[PDB]
Every structure is written in C-alpha cells, then in structure tokens.
Amino acid sequence: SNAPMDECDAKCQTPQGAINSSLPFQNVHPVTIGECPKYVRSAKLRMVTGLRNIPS
Amino acid sequence: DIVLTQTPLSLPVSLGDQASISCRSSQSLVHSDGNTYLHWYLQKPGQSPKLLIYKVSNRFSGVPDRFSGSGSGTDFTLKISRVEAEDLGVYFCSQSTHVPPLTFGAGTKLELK
Amino acid sequence: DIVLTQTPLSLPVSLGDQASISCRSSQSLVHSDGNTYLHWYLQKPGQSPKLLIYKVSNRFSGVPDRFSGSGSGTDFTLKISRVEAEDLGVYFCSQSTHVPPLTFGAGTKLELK
Amino acid sequence: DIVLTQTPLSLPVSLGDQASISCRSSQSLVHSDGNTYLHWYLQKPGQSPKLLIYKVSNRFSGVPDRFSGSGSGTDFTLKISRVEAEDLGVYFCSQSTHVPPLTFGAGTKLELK
Amino acid sequence: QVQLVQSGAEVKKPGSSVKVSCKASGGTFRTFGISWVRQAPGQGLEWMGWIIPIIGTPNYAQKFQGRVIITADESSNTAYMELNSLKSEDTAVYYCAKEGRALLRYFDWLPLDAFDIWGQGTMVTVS
Amino acid sequence: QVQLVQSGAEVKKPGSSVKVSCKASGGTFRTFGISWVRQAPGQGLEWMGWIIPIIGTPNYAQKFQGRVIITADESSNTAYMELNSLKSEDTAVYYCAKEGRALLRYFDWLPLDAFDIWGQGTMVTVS
Amino acid sequence: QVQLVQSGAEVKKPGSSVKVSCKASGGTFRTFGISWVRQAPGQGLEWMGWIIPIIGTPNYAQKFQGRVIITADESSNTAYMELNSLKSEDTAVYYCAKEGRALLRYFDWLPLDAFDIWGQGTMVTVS
Amino acid sequence: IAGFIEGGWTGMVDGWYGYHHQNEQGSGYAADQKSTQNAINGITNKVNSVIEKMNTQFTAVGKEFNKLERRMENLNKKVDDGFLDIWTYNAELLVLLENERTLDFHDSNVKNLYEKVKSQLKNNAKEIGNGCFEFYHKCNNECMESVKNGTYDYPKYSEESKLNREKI
Amino acid sequence: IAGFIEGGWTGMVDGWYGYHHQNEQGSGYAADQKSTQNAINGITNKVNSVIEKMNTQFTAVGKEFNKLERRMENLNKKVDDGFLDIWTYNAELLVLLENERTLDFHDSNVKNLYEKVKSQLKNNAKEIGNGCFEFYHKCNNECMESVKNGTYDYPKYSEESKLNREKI
Amino acid sequence: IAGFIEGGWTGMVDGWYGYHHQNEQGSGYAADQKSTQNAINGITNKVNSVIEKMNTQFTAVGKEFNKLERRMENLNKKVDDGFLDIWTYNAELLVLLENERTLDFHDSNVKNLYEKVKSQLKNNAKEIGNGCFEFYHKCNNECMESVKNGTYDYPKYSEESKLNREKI
Amino acid sequence: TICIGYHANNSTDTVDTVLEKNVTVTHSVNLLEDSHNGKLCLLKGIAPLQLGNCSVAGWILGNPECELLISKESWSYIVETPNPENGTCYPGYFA
Ligand SMILES: *[C@@H]1O[C@H](CO)[C@@H](O)[C@H](O)[C@H]1NC(C)=O
Ligand SMILES: *[C@@H]1O[C@H](CO)[C@@H](O)[C@H](O)[C@H]1NC(C)=O
C-alpha cells in the first residue's frame, strides 16, 4: 500500500486504507488483514428490513 | 381379504395367435387417489415374477409392445396382441390399494399349442 | 397506419432563442399499459437519428437538460429551453405502441438564423 | 413513572428456611404482546445486579432451581424454595414494557439469621 | 435400486428359524420400499411384509404378525427377515422386491405401487 | 449493447439482392431487440423488421412481408437481412437499432420501447 | 456478547464531564442492545439510556435528555457516554448491560427484554 | 386516507404496520401487535441470520508466486475467482431472494391485518376495499380500539350496524 | 373442537391432513386425499431431492505437506475451508429454506382443504372459522363423507339448510 | 368454457393471461394488462437475471501435471470437482427454485385476475367458480370490455343484475 | 372508517429484488462496506510495520536504507509499497 500511516484505529484494513468491519461484506479490495468481512464483486448489497416506500 | 382370482384356462395357443387372460375381484381396485392399482407379472420356472404391466392400461419398460391391458372396478384383463416364443408361463394379478397386497392368486398358465 | 406527422416550419432560430416543434397523430399514443410511447430523435447529415427524448416528458441520458417535452393523446411537442450551436438538424417523432412502429415522418427541420 | 416498589422486610432468614419477597406497581406489567416483562436481579456488594429470573415464572440459566416466581398485573413475587449460603443481598424488580424501564427501586434486602 | 441379491439355506428343523436377507445395489436404499414375498412349490405368491428402511417401522402380513421379524439395515443396504418357530411348512423360495415410487410411509394405506425390481435367490429347505 | 456496427455494398442490379448485417458489442445479445430501419436520400425513416434473437421469430414490416428475410445469429451476435427481388428503389442507408427494455417477445403488441443505440454504416448503392 | 468490560475515573470537578465506556466481547455487536444504568452509593439502579449500535439513534432517560450524550462505535464494539455539566451529584458506579433478544429498534415501545449480561467496573469519583 | 392497496402512510411514525382512523371522537394513526414482535421479530431474526452466516475472514491475506509457478498462481487465482464468484453469487442471490421474500412477508403481514379485520367486520361492514373498512353504524374511539386489538365482538355491534339490511 | 387455526389434533393418527367430526350418527377423526399422494408425494419428492443432490464423497481423504510447502498447505486449507463454508452455508440454507417452504407448504395444504370445504359449504354454512364449519341443517355420516371427498353437492342440502334465511 | 381452475386455453394465442367470453354480441379470447408488461416483464427480468449472473469463462482451460505432482493434480481436481458440484448444484437448484417460483408466479397472476374480476362482479355475480363468472344480467361486448380493463363499475349494472334478489 | 396500511417514509434507499431493479424501501441494512479512510491504522490498538520503500526481503535481510525498521519488534500487519525500491541490495535468488 501507498496509504500514509496515521493516528486511527480499525479492526480490518485493506491496501486502499482501513475499513470499519461491522458489515458482513466489503467491495473495497480482495486482499485484507485483520478481523475482516467477505470480499464480493457486488456493487451494492442492501437488504430490506422495511416496507416499500410508496405513499398512498 | 384382498382377492382378485385368475380364471384358469385350458388354452394352449400357437405362435401368432392372440391371447388374453382375466381376473375377478371381491372389491374395487380403484383407490381414493383416483388411480387403479393393477399390475401384471409373469413368472417362468426358475425366474422371479417379472413386471409386465404397471398400470391397468400401461405396459412397463421391461416388456415389448405386444403386451397391454384394460379393466375397471373388479373386472380386469391382460391382452397379448400376438403370442411369440417369449410368451410361456404363469401370469399373476396384483392389487396395491391395501396394506396386505393382493394375494397374487393361483395364476393363469399359458401353454403353447 | 401508425402516423404522427411533423408540422414543417419555416423557422430559423438564433442561438439563445427558445424553440419548439410538434406532431399530430391519427390515433392515440397511449398504450393499455398506461404509458405514452413517444420518443424524439435528432438526425444530423451523415449521422444516425440519435435519441433525445425517451418518454413524452423525459429527456434521455444522451442529451443536455435544454431538451424536454410534453403532450397527450394525439398532440405532442418537443421543447428546447435554449437553442445552442449543438442544435441543428431534423427532428422525428416515434410511436412504439404498435407492431409497425410509427413512420418517423418527414421530420421537422431546424435551421439557424 | 415506571414504578414497582419493593416491600422492605425486616426478615433475616436461616439457612434451610423458605423465603419470598414482593413488589407493587402503579401500572400493569403486561405488554400488548401478551407477555409480562418482569425480571428479578440480585446484587451483592461489589457485584453487578446479576439476572436471576427472566420471565415472571422462568428462572434464568445463571441461577439454581431454588429460585422461581409468580404474579400478574401489578402484583409480583420472587420465591426461594430454600435459602442457602449463596443467598444474601439486595433483590430488585424490573419492568421492560416501557421506554424508561422500571426504576429498579430501593430493593429488598435479605439477611441471614 | 436396479438389482436385489439374496441367499438361501440348508435344512432348517422345526422349532428353529430361517434367516433371509437381500442386498440392494445403487443408492438411496434408505427410501426404498422393500417387501418380502414367498412361494411354496406349486403355489402362488404371498406377502410377508413391507419396510421403508430409514423412515419407519415395518408392516407385517397378518398370518405372520406373531411369527416373523422383518427388519433392515440402512448402512448395509440390506433388508432382513427371520422366520421364528419354524413348523417346516412348505418354504422353497422367498423374494426381495422393490416398489416403484416408494413414497415415504407415514400412512399405511398409501398405495404400495408397482414392483419394478424383483430379485431371485433365497432357496430354503426345511425338515 | 452500447454499439452496433454495420457494413455497406457496391452496386446491386435489379433482380438481385442486398445483404445487410450488424454486429452488437457487449453481452446478452440473445435478448436484445434489434430492428432494422431504412432511409432513402431526402426521405424519413421507415421500419424493415424486429427480432429478439433467441426468443422467437421476426416480425416484418408490411410492405416487406413478401420481399425480405430478416434473421439473426445468436452465436455471431449479428443481425442480418436480405432484400430480395431488388427493383433498385431508392436505397441509400439501412440502420441497426437496439431498443431499451427489450422485453421478451411472446406478444407482438408488447411496446417496442425506445431505441437507445442506433448504429451507422450500411451505405448501399443500387442500379 | 457474554462479557462487557468497563473503566472508571479520577475526580471530576463540577462544570466538567465524565466519560464512560464499555467494550463488548464476541460478535454481532452491531445488533446488541446496550444500555447504561447508574447507582449512587446506598441507592438503587436507574436508567441512563439505550442503543442498538448500527440500527438507530439512542433513546435517553428523561432526567438526562438535556445532560448526556450516549453514543456507540460499531467498529470498536464499544458503547460510550459523556455526562455533561457535571454538578458532582452522587456518582459512584455506572454499568453497561446487554439485553437478551435485542430486537431491532424501529419502534421504541418494543419491549426492552432481559439483561443477560451485566458488566462491572466504571467507578467514578466526583468533587 | 387510503391504505396498503394504494400505498403507505406518512402520517404513521409508530408502525411498519398499523391503522388509520377517523371517527366521531377522533382522528389519527397507530401501530399494532402485527408489527411489534411479529414483523419486527421475523425481520430481526432474518437480519441476524444473514449476519451470523458469514465467517469472519481470518484466512490467507494473499500469496506471491514465482516465474515457474504459473500453474500454482493460476490455481490460486482460480480458487480465489471461483470462491469470489460463488460468494458474489450467493451474497447477491441471498440478498435478492431475501429482499423479495421480505417484501412479500411485509405484503403478507399487511394483508393478514386486512383479513383479521375483515373477519370481524364483514358481518356488519358497508364496504371493504382500498384498504378501508366502512361500517353500517357510526364509530367512536372504543370501536376503533376493539378492531385494532381484535376484540371487535361484532354481535354487539351488528344489531345496530345493519343499514343495508333495513334498506332491502 | 378447533382445527388448524389453533393447532393440530392428537386424536388423528393416520393423518397429516384430515377432518374431525361430530354428527348425529358419529364422532371421530380421519385423513383424506390431500395427504395421501399430495402432501405425502410433494414431501417425498423433496426428501429424495435433498438426498439425491449430494455427491458421495469419493474424493481425497486428506493430504500432508512439507515444511517448505506452507503456501500449498494453505492453498489446500483454503480450498477445504472454502468448500466447507460453502457447503455448510448451502446445507444449512437449503435446510432452512426448505423447512420454511415445507412448513408453508403444509399451512397452504390445510388452508386448501379449508377453501375446498368453504367452496361447498359457505352457501349453507352457519359459521366458518376456528377451523370449523357449522351447518344450517343437521348432519349424519353421509354429510360428512360428502364434504370430505368433495361431493357435497350443496343444492341438495341448501334447501333445508337455510335457518338464517328463515329467520331474516 | 372452464378457465385456470381446470387448465389453459388453446384458443387464446396473443395471451399468457387473458379472458374468454361469450355474450349476446360475440365470442372469443383475448389477453390483457396482467400479461403485457406484468407477467412478461417479471419474467423478462428473471430471465435476464439468470443469464447476467453467470461469469463468462475466461479462465484456465486445463492443466497438466507431472508424475510427482499427484497432490497438485488432486488439488486441482478437487478444486474442479468442488466447483463443478457447487455450480451444478447452484445451477440446478436455481433452475428448480426459479421454475417453482415461476410457476407459482403464474398461478398467482391468474388468481390475481380472478380476484380482480371477483371484486367487481361478486356484487352482482350469479356464480363464481371453475374459472367462470356468471352474471345476474345479460352481457354485451361493452360488459366484457369493462370487466377486462377493470372498469366494471358494478353500481351501473347491479341494479338490473339482481335476479337472485328478485327471487328471494 | 378504519384503514389498514403500513407507514411510508422519507427514505431514498433502494434495493433490487428478483422481479424489480430499484425499489425504495423505508428501512434497510447495508450489508456491504464500500468505503475506507485512505489511511493505514492500528489493528486493535497495535501499530503496523510500515516498510514503505523497503520490501520484505529488504526488511529481513536488513537493507541499510531501511535500518530504522530494526527497532520494530512487534506489529499488527506488514505494509510494503507496491513497487519497493530497497529489497535485495546485492541481487540474487531469494530461495
Ligand atoms: C437505480 O437508480 C440510480 C440513479 O439514482 C442508477 O444509477 C442505477 O443504475 C439504478 N439501478 C438499476 C439496477 O437500474
Ligand atoms: C522513497 O524514495 C523517494 C525517492 O524516490 C524519497 O523521496 C522518499 O522520501 C522515500 N520514502 C521513504 C519512506 O524512505
């Protein structure tokens, strides 16, 4: 990585910079270190918990 | 209790002849499913009673097209469109609509000329 | 049969002027889907008739915001909020509610001053 | 507002004695879910208020079978089938049917003989 | 699956028992419906019993409910029966047969379907 | 998908034929709706026909139902047409165009949607 | 998850603030319901607030709505609170507790369930 | 004004599911028991399931290969691409299927409320449709509370709520 | 005498689906045609499908690696862990989805019986709900057999079964 | 003249869903709005999704291994067999589930038409069942067009279409 | 006049389904992390070993230009620039 080092803290990092590994998947980079989510090629993985947002 | 009796027949047939045999039951072979569970099997000496007909009107994958059948209720028949050298032995009826299956019965013996 | 005719216009426009053209159909462009299948295309000499408007009121991804439109039934228009140097050529109407699509028609020619 | 008050008791108990404590609420602990959200916790000096009872009638995985409970509406009790050396400290009631949870209240102090 | 293989026995004296078994070739033995049928010399075929090996208990023919044990081993892919309190009734051949659809038994009045595979072997002599 | 590429022809004499084709770039050619449109010099645009390549048969413009063959090759990702019994009517340019939604055709009265991609090429001269 | 760990503080003067935090062990921190409870010496327990860390905003105890900030960091798996405009009211111990079902909050009148895990630590002294 | 037949309500902030009412004694929106611990709980379990199903990647970070290890590089690459396409496929498919199932779940849940209310009101309802239940009697706040809980003991209402019977 | 609305029956033994009855000539439980070869067959095919889908593991038992083959060991391990997580995921997901679908299948099947009977009895039913169908005429064993088979030719019953019409 | 309850129509050709009619002014079959851009569009998106989901195989063609590379051969084989069983499983499972969902989708869509029409005709329908709607008034071609579009404004028909009310 | 429905929201978050491509929903969970901070951080409070211009071979062999790394005894992870300049000094095969 060419990322600079700074005064920050993370559980998982990729070559492009540190990420917060709270979500099950990431699409930042295939190579990761630490307590990491699974890399996917998907652009978006948004799950519905709610209702269709269509007013009457 | 599950009885479909074979009519014995003193009927040698020649090759090229047509032939049929039939059974009479004490109760209907029609199941609440709407299907009739009639099967026909042929046993030759030393052999297992191989399945020929798997539905009243449907011949199985193990037998030539010369074999078929028909019937309803308690009245059923096996039809052979042409008796060939392969046809010799005892035919049995079977009902699969009850826990005790049909006794296969005495069987109908087909002889050649 | 699928005809939406362009009104020819002897209308050169200067840059900075507003402009509009319109078409009149023999039958409604409203499909049983509830959508109106009107499209506008602009052809310059030597070029394909590039899509500008993909719905009566919706400009496509290939054109600047200066282009829009409106209409209902058999009466439709293309509106240009400002004529710029990029605007020169023949505009056509298209109906996609029938197997034979609309004949694109003669087209409306826009000239500059 | 969310108040279920512990009856203070001047009740030292010996080991082998049975014991119970109770609380009285200003409003029902029965939630529209049909469940009653009553919990009992025991705090010893220097310790967190460990959960003993997680439903009005259901003792949790962290406590021996000697602890159980009962109640309805606004009237609730904790029952101990046998007081053992492990039983010493302050018991609290908790209601989880409202955004502000129950104030745990003063707590009922159990002493030994 | 396509084949059922079974072995016979030497003379069994009255008061003893006869053990009969068949191995099924192929896969999904566990959901096969395996039944036993017998035939005395000069006689027709009759039911001994019916098993769906990993699904449930056997259903025995009425004349044999106090006489036989019919079981199966889903590991060995083998069906077995033991005929107890032998009275040396005409024995001769027992047969292992596999039904067609072999629907899971929960209900015994569910049709017993067709016997697609019917093996041969198990010639047993008695005193 | 984003681009349709098509080639022209030398002079074709009456009584002969004109072959026109276009290759589509990108993927899912098989479900693209490819149509052909023509324009004589000084004239507007008119329909030749419409294909959904792996879904079904073509639908031809009425004036051409007894005159043209419009087909496609889902392997070559190419749409083709042959114009038969040439009478050397004004020809000039034919165009390959891809519709937008390209809904599967089972029903021809299903809307033909928008032409998002419209290629250029196919300049054909006739005697 | 099974354990909540929290630290205390030195004397905090009135007009200043107190910072309290707890780290949760194990996984799925993000959907845990973490609440804060306090106890002055000789007193019972009372609510500070409630967070479901990656689902939504906190709900603060009424006496503290104009006094505290309760937040969380789903990365650090840590819940935090800062008590502002300290008046040196009896403080002593704050506690981090995790509820049982921890149902996702969209509705605040959804039951707050049981506190299965209740940590210890956070002894804070004030002037 | 309408219900789920046309869309949702922006006036209801307390409920994924609930009721809207107008009556002689009031007007407003409220959530009920099919949201609280039902749709909420079903979804909570689903959300946690999706999260719980992934194995934290305490695995190889990456590997380097030599010039003469091209087959090994390609095997590793095939393994990574294979697993990546499989997990992209599974992740997106899980989300698409779960999203379709979630939205279907939610449509089912609002319909279940509709069937619940219809079961108690059809006996004395004037009109059922467009998400609304009309009555053959006038309602107060007590009528609305009973319908929402499922305690609309219609025989105590249907005797007065009979205008269409009176007119035929 | 509540049905599927509240729960199942412990008095019905050869049943996955069936009826419970009380009439002037009898009382008891029995299974019908929606179990036999329908729910049973659907499930049999599903059970066999799940079993048939797995490939018997006539594969590598395991492999040893050298000290200088750590990348190969890790590749093999990654492959085993990858396939293990994929198959654990697929196996558990298949079971969870199939179990949800199976239970939904079964709820659908009992509802289908309810709709079948409602289609013949609503015309002359007194009350429909809680899994029970009440009649506006008294039943004998013949009434029950016709309803169970789907031969309740209501026009032959609805003429007598009209108490609510007589009273309005 | 039975509908979806018994099976489909061979007399309808522009349809996936539609209506069959007989009236005083005509007879025939026609498709409607639940096919065009609804069942057709749902299916188009599904078909394209299945196709789009596969990654064109611009991957290793195959590899050879040496005599002393049996573990590497077996690792490669395990990887190919693993991925092959996973993709065969996923491909067949996707098709089986999508086929079951597609057929269920289609059954739902024809039922939705049935519910649509029932909602407008039950108020003045003589009989509903076997896929057919009978009326208590005679129909012309205008009646049929209104029902098909969903403009059967029943209050303009139900006043005349009341034979069962006249007879009771 | 009692109506049944579901709430609507001011949400602009959309999802895809098997039948639909862009469905706005009232609530959602982002299961995919698509961002980073562009920086190297500590892992659980522990600093990385940042080699920068120094490759792993440089680090472990002790390329003198990166002698400063000799003071780093512990780390959370190892970071090498994508195109190291200070690796093996005196070239050869690193077995
Ligand atoms: C959803 O809409 C956005 C624009 O807001 C667009 O960029 C995106 O491609 C759309 N998604 C799909 C699947 O079409
Ligand atoms: C890397 O080398 C460049 C010169 O090419 C120099 O400017 C830079 O400071 C060096 N970085 C480090 C960390 O030594």
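Residues numbered from 1 in each chain as written, not as in the entry; some residues may be left out. Chains lettered and ligands numbered in written order. Part of a larger assembly, values for the part shown. Heavy atoms only, no water.

This entry, as listed in the PDB, derives from cryo-EM and reports a resolution of 3.09 Å.

Chain H appears in the PDB entry as Hemagglutinin HA2 chain from Influenza A virus. The title attached to this entry in the PDB is "Hemagglutinin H1 New Caledonia 1999 in complex with monoclonal antibody Fab 43_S0008".

If you check the PDB entry, chain B appears there as Light chain monoclonal antibody Fab 3_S0008 from Mus sp..

### A few points about the overall build of chain B
Heads up, the condition is: To qualify as a helix, a DSSP run of H or I must reach at least 4 residues; to qualify as a strand, a run of E must reach at least 2; elements of each kind are numbered from the N terminus. We call a residue buried when its accessible area falls under 20% of the maximum for its residue type, exposed when it is over 50%, and partly exposed in between, using a 1.4 Å probe and counting protein chains only. We call two residues in contact when some of their heavy atoms are within 4.5 Å. Note that accessible areas follow from Shrake-Rupley with a 1.4 Å probe, and for residues the cover is restricted to the protein chains shown. We treat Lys and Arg as the positive residues and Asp and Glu as the negative residues; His and chain ends play no part in the count. A charged residue contributes its charge at one atom only: NZ of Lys, CZ of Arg, CG of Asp or CD of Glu.
Each helix and strand in chain B was counted, giving zero helices and nine strands. Scanning chain B from its N terminus toward the C terminus, one meets helices and strands in the order β-β-β-β-β-β-β-β-β. Judged by the C-alpha coordinates and their principal axes, chain B covers about 40 × 25 × 25 Å. Out of the 113 residues belonging to chain B, those deemed buried represent 48%. Within chain B, counting contacts between residues at least 6 apart in sequence, those at least 24 apart form 53% of the total. With the model as given, the accessible surface of chain B reaches about 5,300 Å², and the carbon-plus-sulfur share is 50%. Averaging the locations of the 10 positively and 9 negatively charged side chains of chain B gives two centres separated by 4 Å.

### What to know about the packing of helix 2 (residues 70–121) of chain H against helix 3 (residues 141–149) of chain H
Residue and element names in this part refer to chain H. The cut-off we apply is this: The angle between two axes is taken between their N-to-C directions and runs from 0 to 180 degrees, where each axis is a line fitted to C-alpha atoms and a helix contributes only its stretch in contact. Any angle that falls under 35 degrees is termed roughly parallel, while one over 145 is termed roughly antiparallel, one within 65 to 115 roughly perpendicular, and all others oblique. Each residue receives one of three labels: charged for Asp, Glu, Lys and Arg, nonpolar for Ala, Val, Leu, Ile, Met, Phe, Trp, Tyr, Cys and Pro, and polar for the others, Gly being one of them.
One way to put it is that helix 2 packs onto helix 3 with a least axis distance of 9 Å and a crossing angle of 125°. Here helix 2 lies oblique to helix 3, going by the angle between them. Of helix 3, the residues touching helix 2 (which contributes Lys 116, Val 117, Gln 120 and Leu 121) are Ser 146, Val 147, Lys 148 and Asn 149. Residue classes in the contact of helix 2 with helix 3 are distributed as three nonpolar, three polar and two charged.

### Quick look at the state of the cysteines
Applied cut-off: By definition, disulfides here are pairs of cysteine sulfur atoms that lie within 2.5 Å.
Scanning the entire structure with this criterion turns up twelve disulfides over all chains. One disulfide bridge connects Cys22(F) with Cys96(F), the sulfur atoms lying 2.0 Å from each other. Handedness of the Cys22(F)-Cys96(F) disulfide follows from its S-S torsion of about 50°: it is right-handed. Here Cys96(F) lies in strand 9 (residues 92–99) and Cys22(F) lies in strand 3 (residues 18–24), a separation of 74 residues in the sequence. Overall, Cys22(F) belongs to the buried group, its relative accessible area being 2%. The class for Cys96(F) is buried, based on a relative accessible area of 0%. Disulfide partner of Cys54(K): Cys66(K), at an S-S distance of 2.0 Å.

### Considering empty space enclosed by the protein
Quick reminder of the rule: Site definitions follow a grid-based scheme: protein atoms alone, a 1 Å grid, a 1.4 Å probe that fits but cannot get out for cavities, and for pockets an open set with protein on both sides within 12 Å along at least five of seven lines, plus lining residues having an atom within 4 Å of a point. Grid points are joined across faces, edges and corners, and a volume is the space filled by probe spheres set on the points.
Here the structure, examined in full by the defined rule, presents 14 cavities of 30 Å³ or more. Reported here for the largest cavity is a volume of approximately 270 Å³. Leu93(H), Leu97(H), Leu93(I), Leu93(J) and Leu97(J) are, among the 18 residues lining the largest cavity, the residues nearest its centre. For the lining of the largest cavity, the elements supplying multiple residues, two or more each, are helix 2 of chain H, helix 2 (70–121) of chain I together with helix 2 (70–121) of chain J. Taken together, the residues that form the lining of the largest cavity break down as twelve nonpolar, three polar and three charged.

### Regarding the sheet that holds strand 6 (residues 38–39) of chain A
Where we set the bar: In this analysis, strands are considered paired if DSSP registers two or more bridges between them.
Pairing is parallel across the open sheet formed by three strands, whose spatial order is 6(A)-4(A)-5(K). A strand with exactly one partner marks an edge of an open sheet, and here the two such strands are strand 6 of chain A together with strand 5 (32–33) of chain K. Looking at chain direction, strand 4 (residues 25–26) of chain A and strand 5 of chain K are connected through two bridges and run parallel. Looking at strand 5 of chain K, one finds that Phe25(A) is bridged to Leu32(K).

### Let's talk about helix 1 (residues 35–52) of chain J
Residue and element names in this part refer to chain J. We count it as follows: Bend is computed residue by residue as the angle between axes fitted to the seven residues ending at the residue and the seven residues starting at it.
At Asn 41, helix 1 is deflected by roughly 30°, the largest bend along its length. All buried positions along helix 1 are accounted for by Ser 35, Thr 36, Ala 39, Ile 40, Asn 41, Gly 42, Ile 43, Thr 44, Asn 45, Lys 46, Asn 48 and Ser 49. Residues of helix 1 that are buried in the fold lie against helix 2.

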